[PDB]
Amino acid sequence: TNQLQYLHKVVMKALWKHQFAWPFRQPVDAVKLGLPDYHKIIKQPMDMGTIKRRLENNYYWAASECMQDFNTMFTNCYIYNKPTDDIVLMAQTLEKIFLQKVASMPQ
């Protein structure tokens, strides 16, 4: 759709290159980061690399499905981390860009 193409070429494009994007470009690697409780707490892992591949492979049926994956990714960050963690501020920053850009998504 027009909408998915916008989420791909405008919204993801903008988030991907952001200085705070790097933790979100691939799945959380619980072994490398030493987080034995990550997959016990976060039951639906999501990252922008996954979303991006989904956009490329025509996985999504509707814009809202993709927006829901974006939302899951940010929500997982807030749920798992301490409120004072830098990553929380990084996610909030990225989430505000997402919504600002979503407001202009062609209908």
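The first residue of the shown sequence is 1; numbering continues from there.
Peer 1: Decide which of the stretches 80 to 88 and 7 to 15 has the higher mean C-alpha B-factor, going by the entry.
Peer 2: Averaged over C-alpha atoms, the B-factors run higher in 7 to 15.
Peer 1: Can you let me know which of the two, 68 to 76 or 36 to 44, has the higher average C-alpha B-factor in the entry?
Peer 2: Between 68 to 76 and 36 to 44, it is 36 to 44.
Peer 1: Give the position of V28 by CA B-factor within its chain, expressed as the lowest, middle or highest third.
Peer 2: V28: CA B-factor falls in the middle third of its chain.
Peer 1: Just say lowest, middle or highest third for the CA B-factor of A62 relative to the other modelled residues in its chain.
Peer 2: Highest third - that is where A62 ends up once the chain's C-alpha B-factors are sorted.
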